[PDB]
Amino acid sequence: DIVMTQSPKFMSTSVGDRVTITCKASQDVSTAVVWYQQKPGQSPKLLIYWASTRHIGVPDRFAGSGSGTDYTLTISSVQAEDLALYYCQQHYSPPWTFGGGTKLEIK
Amino acid sequence: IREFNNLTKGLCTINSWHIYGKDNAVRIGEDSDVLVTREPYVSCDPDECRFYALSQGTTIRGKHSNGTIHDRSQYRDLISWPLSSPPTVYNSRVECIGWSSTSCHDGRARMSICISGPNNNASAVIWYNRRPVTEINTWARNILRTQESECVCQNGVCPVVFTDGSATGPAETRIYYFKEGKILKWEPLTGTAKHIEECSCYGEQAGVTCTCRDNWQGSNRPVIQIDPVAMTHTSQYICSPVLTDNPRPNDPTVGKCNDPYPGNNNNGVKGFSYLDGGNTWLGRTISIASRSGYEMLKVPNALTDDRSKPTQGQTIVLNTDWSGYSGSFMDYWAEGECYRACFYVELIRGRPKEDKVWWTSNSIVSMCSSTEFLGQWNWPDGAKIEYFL
Amino acid sequence: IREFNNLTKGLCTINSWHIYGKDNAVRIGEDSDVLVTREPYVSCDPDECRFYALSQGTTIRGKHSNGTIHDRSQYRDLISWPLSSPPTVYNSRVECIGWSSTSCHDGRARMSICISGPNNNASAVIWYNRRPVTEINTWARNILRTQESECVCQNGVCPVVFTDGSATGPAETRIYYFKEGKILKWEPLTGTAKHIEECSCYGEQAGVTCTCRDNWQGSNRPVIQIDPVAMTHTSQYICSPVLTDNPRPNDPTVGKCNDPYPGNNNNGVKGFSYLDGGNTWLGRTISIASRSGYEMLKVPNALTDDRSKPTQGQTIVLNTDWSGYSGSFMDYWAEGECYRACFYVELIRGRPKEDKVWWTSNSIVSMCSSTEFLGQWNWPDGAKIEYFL
Amino acid sequence: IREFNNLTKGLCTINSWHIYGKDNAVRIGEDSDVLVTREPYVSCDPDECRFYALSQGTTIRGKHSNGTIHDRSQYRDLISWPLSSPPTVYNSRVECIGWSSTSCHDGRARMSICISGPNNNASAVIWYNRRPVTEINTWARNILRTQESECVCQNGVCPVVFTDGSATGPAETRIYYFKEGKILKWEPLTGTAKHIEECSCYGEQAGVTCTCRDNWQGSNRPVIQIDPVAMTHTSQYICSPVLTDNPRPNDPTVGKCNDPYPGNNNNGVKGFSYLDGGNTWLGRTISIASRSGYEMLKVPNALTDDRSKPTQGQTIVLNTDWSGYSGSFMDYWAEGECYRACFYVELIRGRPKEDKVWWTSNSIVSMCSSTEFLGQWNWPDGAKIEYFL
Ligand SMILES: *[C@@H]1O[C@H](CO)[C@@H](O[C@@H]2O[C@H](CO)[C@@H](O[C@@H]3O[C@H](CO)[C@@H](O)[C@H](O[C@H]4O[C@H](CO)[C@@H](O)[C@H](O)[C@@H]4O[C@H]4O[C@H](CO)[C@@H](O)[C@H](O)[C@@H]4O[C@H]4O[C@H](CO)[C@@H](O)[C@H](O)[C@@H]4O)[C@@H]3O)[C@H](O)[C@H]2NC(C)=O)[C@H](O)[C@H]1NC(C)=O
Ligand SMILES: *[C@@H]1O[C@H](CO)[C@@H](O[C@@H]2O[C@H](CO)[C@@H](O[C@@H]3O[C@H](CO)[C@@H](O)[C@H](O[C@H]4O[C@H](CO)[C@@H](O)[C@H](O)[C@@H]4O[C@H]4O[C@H](CO)[C@@H](O)[C@H](O)[C@@H]4O[C@H]4O[C@H](CO)[C@@H](O)[C@H](O)[C@@H]4O)[C@@H]3O)[C@H](O)[C@H]2NC(C)=O)[C@H](O)[C@H]1NC(C)=O
Ligand SMILES: *[C@@H]1O[C@H](CO)[C@@H](O[C@@H]2O[C@H](CO)[C@@H](O[C@@H]3O[C@H](CO)[C@@H](O)[C@H](O[C@H]4O[C@H](CO)[C@@H](O)[C@H](O)[C@@H]4O[C@H]4O[C@H](CO)[C@@H](O)[C@H](O)[C@@H]4O[C@H]4O[C@H](CO)[C@@H](O)[C@H](O)[C@@H]4O)[C@@H]3O)[C@H](O)[C@H]2NC(C)=O)[C@H](O)[C@H]1NC(C)=O
Ligand SMILES: *[C@@H]1O[C@H](CO)[C@@H](O[C@@H]2O[C@H](CO)[C@@H](O)[C@H](O)[C@H]2NC(C)=O)[C@H](O)[C@H]1NC(C)=O
Ligand SMILES: *[C@@H]1O[C@H](CO)[C@@H](O[C@@H]2O[C@H](CO)[C@@H](O)[C@H](O)[C@H]2NC(C)=O)[C@H](O)[C@H]1NC(C)=O
Ligand SMILES: *[C@@H]1O[C@H](CO)[C@@H](O[C@@H]2O[C@H](CO)[C@@H](O)[C@H](O)[C@H]2NC(C)=O)[C@H](O)[C@H]1NC(C)=O
Ligand SMILES: *[C@@H]1O[C@H](CO)[C@@H](O)[C@H](O)[C@H]1NC(C)=O
Ligand SMILES: *[C@@H]1O[C@H](CO)[C@@H](O)[C@H](O)[C@H]1NC(C)=O
Ligand SMILES: *[C@@H]1O[C@H](CO)[C@@H](O)[C@H](O)[C@H]1NC(C)=O
Ligand SMILES: [Ca+2]
Ligand SMILES: [Ca+2]
Ligand SMILES: [Ca+2]
């Protein structure tokens, strides 16, 4: 199984700034990385797939990236409603393995 | 025929699609000496149509099957065998040696082209009438590759699309013009197309159209039209919002004809389209992210319109089944008023998505068009990855 | 031949039957790559005779063999291979794709017809000279089916019997007339026949006779005579008390020519007969309830007489052995004063009756007639269901 | 052709080498019915090129594969099969029976020659047009042997080099001249060459050149030129310090043209060379002691100069991979201004060096020349001796 490791677990950024969430796999997963966002007390929304392609209607603030075993999700002009638990799933081989999440707190 | 062929006719009305061939290779392959292959295609002689594919030089059960994810190796061989049989050890015909290829009959004999090599010292040898006639070497030294479909010939001239260079950058594409295996001319890519890979070509009315893959930025395909009479070409993207590469962003409402449609970069999967005004049909995988499902959608004036949405469709492979590469082929020697339009879909099985086995492989489905509006079925490879364990 | 064929001759005197072919497929199949098939038949080119059958796309040993009881699937393919060989992966010729079929040579090239589909959106494509020429779609949307024997051609015109509709009700049968793959005419069933299925046809003297199956109420077969010159037909039942469908009630003393003979409904098994006055021979399974045994009985003026009991017979398969489908074929290009009359019997092995294996399959026996009164043998498939365990 | 062939053309400029064929037999052979062979070669009909080899009469997996180190046995058979397929049980064509052979097409039909026998009572039968025409018996009673490459024909006359005698002493070589299977003349070896074995021959400009093996003292090859028009020949050694037999002493700075170059005696491995002045290419194993690696080196005026060191090279098989026998072949019926120069390398696998299996066997690589200076790859047999355990 491929193993997605998310560190750090908590992130604080101020309203209007940048944050970036780092995800990493245990072998070259050849860019097959998806990012979900889980809003508190809601279901996940798929933001990005294939490391950087946005799903239908996640506004361009969210910028997926990466390569090999190291990927990252950047968010800009951080909104007080950006608070959520962010997870990377991988989508190269079965079974589709997630990360631990990162809570983005608003300073 | 005893004479070269001229593409005198035009396409017939595509109104639905009918099954033309299905080899069932992995299903049979669990117990016969079916060869591991990938990148298939189909091509017609004036006398018969055969399935062609890039062999990996091992049977699917054989222990050397493990690790066939690798595209290029020196155990790759371009083979052919009868229409709708499996690539069997005891009936494939090896056409030339290499890991990239195109093949097509000019009316008299056929040309096969197999590229072989180290990734920085690759070399093509242009076989004509089963004899090695010409050889071209790498101009940009980073993987010299060609079509993985059949080329079309006209009056002896068969244009062929070769790309050497980066699949991640600008590459160095070039159209070559063969007549009887010799190089008549070769010219560099021109047009608004940013990067060309794995071109799918059909010929009608003395013009050949190729629908390719932009690996770099495209999610909308580059179309190259080539004029085999004057040995000239141009390229553009397909204007339609209906995006056909895979992966892709979800289709816009307005598409893009003179630049890549921005979204999924450094990736694609070979494909085709029949581009003919009202009678345009585009093929695409259903998944925006994976080679699963295949469908044919009629999108009138797709090539030229930045607003063309579909008006009729047909399902070929369900989204719950796997697909892969697709390309165009036609029987130029089929007696008619017109050219029957056909395509094939490769059905990948194995690694990476079914990694419980260590081999990758495929079977083939192919359709041709009918003017009747026939009913549709959906055509699964069919094997159970669990009986190979 | 380089010219179309006219059925100029008439049958020869049937006086006994001699073995023409026996493939021994399941027996060999325990150790070679013999294909799982069912619904076989035989057809002759002007140059050679071959065995044709509907493949299930798996070897009998292969693990995908399990579950081949199902008649229709998209892994079915109509194949042919040499007379008296097994359907081998490495020598069958795939003729078209689908789960119903007919095929026959018009003298010049041959027509093959394979129906494919969902049960409510089925489609036939009429291949001529190994190229797809025409396609007809479902008129009644509940399983479009055709012969599972060979069709007969005359002067280019080959009538073909198609039934779409219910196998339990009124269905919607129709005779189609092909010349060179194109549809010359098509007309609805007519005559007193209540329901037509799986017609067996032979041609003599410029008329083609089909002996079919009434699934619905018949236990006596519908006979359709077709006139390929004027493209007309009529249907009736066979008058004889000698009932030939299976299952059936036990034979009466007076039979029925203008209605089904009442008794076993919603069921039958494909069959044939040579209908020629004094020289009429009917084939039937021996069991009134199961496809076991096969015999040929001479019942003079069977077609026209409600009292015709047999006068000579011959045993083909014992009642302790299994049989199945049967149909007529002839070598129209066999040099003679007359047409040698032949038939084939399919020999089913597997599920449901031998359910210790999970595959169904079959072999073939075929006979032609002799005027000598030869001795008889009885011709078992031959395999032991216990060596496959 | 319908007419005999005259070697009218001369060689083309050898500037690099391109892959012509690769059968991948041991790799496939782990799971198909690939035959155990050894001593391969290639030969061209006016209509097609095929791979020929000496079969050992067993499949590589079959249990009789064990012990195929032995060169001669009565289960040896000279076979042929299509270019770049494996020697498969179901598609090899047996050419004659024996353990030594040559074969070649004279333009009309082909001659095959298989020697069979006890080592002291051996007999050759010269088949022409697949019928046994002539037979020659042992003159020196200690293993009668011939080429293990193809012979060249000119105007019906095909010279063939036969050696009976000791492989450790003086043997008794003799050039025979066949026309249409009959013996036109035969003459004894002449020239400064001390001992001839396994001659490799190509024809150009109505002269045939053979590059052989001196088993006895040579580490530099004997070259025989034969004049097929006058039925005369001479022999000499190759002057170059570049030693090409295997084993060999390490190359001197001055070589030897009229005597064996002293160093490794009672041993060698069959080989070839294209001898043409500036355009001379010699092939050799890389190891001075073992059949591993194969390379082609251009050594101008090699034949005539005792100081010729190489000026361009190409790697065919790496030194970490195994090689074996090599020889020349050409397509005399290939349309050109000139003769394309080709060679094959046999790739031995098994005993004695990979004795974890009990069979010896091989696959084939073949190249032809290109005038372009193409890039090089290195072409491994490819199987893992560990999957056969
Ligand atoms: C007997 O057989 C006949 C003959 O085949 C049957 O009739 C045919 O039935 C077909 C399916 O019912 C029918 O196809 C449909 O045709 C319409 C035109 O009216 C066409 O729009 C449809 O195509 C869209 O929908 C399919 C799924 O339904 C999508 O997979 C496809 O991609 C098309 O939609 C996507 O792209 C559009 C264009 O940009 C967008 O507008 C749309 O929002 C959608 O977007 C998403 O999907 C994309 C791919 O997943 C993705 O990239 C994108 O980003 C979005 O996520 C469809 O083909 C035939 O027209 C009809 N033919 C005939 C002759 O009648 C008959 O029903 C059968 N009878 C029975 C009883 O079974
Ligand atoms: C050497 O070889 C030669 C050449 O083959 C041998 O001679 C042949 O031998 C045959 C068998 O001995 C012989 O066949 C018989 O011919 C008579 C005519 O005289 C014919 O009646 C027979 O057919 C009936 O009987 C068989 C069993 O014997 C039944 O299976 C068959 O169905 C026929 O009977 C059924 O239908 C009849 C018609 O309606 C009814 O009247 C009858 O009651 C019976 O009814 C039941 O059976 C049905 C099916 O099971 C069922 O539907 C129904 O409801 C009832 O339940 C038989 O074919 C050949 O005529 C003869 N030929 C020649 C040229 O001589 C020779 O003996 C061999 N020599 C040696 C030494 O071995
Ligand atoms: C893309 O592809 C192209 C096209 O192929 C590449 O260019 C080619 O590259 C080749 C290798 O780089 C090059 O070959 C070399 O050519 C020189 C001539 O300048 C030739 O001397 C070389 O041959 C000797 O060296 C090899 C190993 O390098 C030996 O294995 C060989 O036997 C030759 O040396 C031995 O014999 C000589 C003659 O007597 C002695 O002088 C020498 O001391 C040596 O002796 C030992 O070795 C013997 C065998 O092991 C043994 O018997 C003896 O006793 C001693 O122990 C070599 O072939 C091509 O010329 C070149 N061609 C072209 C058209 O450019 C290009 O590099 C590729 N590009 C990339 C980016 O990869
Ligand atoms: C070939 O297939 C074998 C299985 O047949 C693969 O074996 C695994 O390989 C890894 C190293 O990659 C070993 O550590 C595992 O223990 C093996 N186990 C299993 C269950 O497969 C092998 O890697 C495959 N690949 C190649 C190129 O040989
Ligand atoms: C395929 O064959 C297998 C045996 O190879 C069948 O397996 C049985 O299936 C039932 C369910 O139908 C299981 O509960 C049994 O335990 C299985 N056991 C045995 C002894 O066969 C399987 O059903 C077959 N059918 C298909 C369509 O796969
Ligand atoms: C044939 O192969 C077998 C193995 O399949 C060889 O068997 C060995 O033979 C020796 C005698 O030469 C025995 O003492 C060994 O115990 C055998 N063991 C093993 C592990 O192979 C046999 O020699 C081979 N040779 C022939 C000609 O039959
Ligand atoms: C084919 O087309 C060329 C022009 O493209 C024409 O000159 C030639 O004669 C044509 N030949 C045939 C058989 O149509
Ligand atoms: C075949 O029969 C038709 C009438 O059915 C006749 O006109 C035609 O000429 C015949 N041809 C041959 C070769 O018998
Ligand atoms: C072949 O060559 C001989 C002389 O070697 C000559 O007499 C003969 O006529 C030639 N034939 C052909 C077709 O060249
Ligand atoms: Ca792309
Ligand atoms: Ca009934
Ligand atoms: Ca020596």
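Numbering starts at 1 and runs along the chain as it is shown here.
Including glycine, each Cβ sits where the backbone N, Cα and C put it.
Listed in Swiss-Prot for this protein:
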ACT_SITE  D:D71  active site, proton donor/acceptor
ACT_SITE  D:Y325  active site, nucleophile
BINDING   D:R38, D:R72, D:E197, D:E198, D:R213, D:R291  substrate binding site
DISULFID  D:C12-D:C338  disulfide bond
DISULFID  D:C44-D:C49  disulfide bond
DISULFID  D:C96-D:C114  disulfide bond
DISULFID  D:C104-D:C151  disulfide bond
DISULFID  D:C153-D:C158  disulfide bond
DISULFID  D:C199-D:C212  disulfide bond
DISULFID  D:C201-D:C210  disulfide bond
DISULFID  D:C239-D:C257  disulfide bond
DISULFID  D:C342-D:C368  disulfide bond
CARBOHYD  D:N6  N-linked glycosylation site
CARBOHYD  D:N66  N-linked glycosylation site
CARBOHYD  D:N121  N-linked glycosylation site
CARBOHYD  D:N121  N-linked glycosylation site
REGION    D:11-389  region 'Head of neuraminidase'
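Where Swiss-Prot records a feature, it is marked here on the structure.
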residue: D:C12; record: disulfide bond; DSSP (3 states): coil
residue: D:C104; record: disulfide bond; DSSP (3 states): strand
residue: D:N121; record: N-linked glycosylation site; DSSP (3 states): coil
residue: D:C153; record: disulfide bond; DSSP (3 states): coil
residue: D:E198; record: substrate binding site; DSSP (3 states): strand
residue: D:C212; record: disulfide bond; DSSP (3 states): strand
residue: D:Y325; record: active site, nucleophile; DSSP (3 states): coil
residue: D:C338; record: disulfide bond; DSSP (3 states): coil
Binding-site residues compared (D:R38, D:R72, D:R213, D:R291) - highest count of Cβ atoms within 10 Å: D:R213
Distance [Cα-Cα, Å, rounded] between D:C342 (disulfide bond) and D:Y325 (active site, nucleophile): 14
D:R72 (substrate binding site) and D:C96 (disulfide bond), Cα-Cα, nearest whole angstrom: 14
Residue among recorded positions D:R38, D:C201, D:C212 with Cα closest to the Cα of D:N6 (N-linked glycosylation site): D:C201
Residues from the recorded positions D:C44, D:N66, D:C151, D:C257, D:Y325 that lie close to chain A, Cβ under 8 Å, in sequence order: none
Disulfide-bonded residues compared (D:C151, D:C210, D:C368) - highest count of Cβ atoms within 10 Å: D:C210
Separation of alpha carbons, D:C153 (disulfide bond) and D:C338 (disulfide bond) (Å): 17
Spatial neighbours, same chain, of the residue listed as 'active site, proton donor/acceptor' - Cβ under 8 Å, 6+ residues apart: D:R38, D:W99
Integer Å distance between the CA atoms belonging to D:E198 (substrate binding site) and D:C368 (disulfide bond): 21
Spatially closest candidate among D:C104, D:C201, D:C212, D:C257, D:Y325, the listed recorded positions, to D:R72 (substrate binding site) (Cα to Cα): D:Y325
From D:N66, D:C114, D:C151, D:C257, D:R291: recorded positions whose CA lies within 10 A of D:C201 (disulfide bond): D:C151
Cβ neighbours within the same chain of D:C257 (disulfide bond) - under 8 Å, at least six residues apart: D:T192, D:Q236, D:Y237, D:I238, D:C239, D:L303, D:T304, D:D306
Alpha-carbon spacing, D:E197 (substrate binding site) to D:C151 (disulfide bond), which is rounded to whole Å: 14
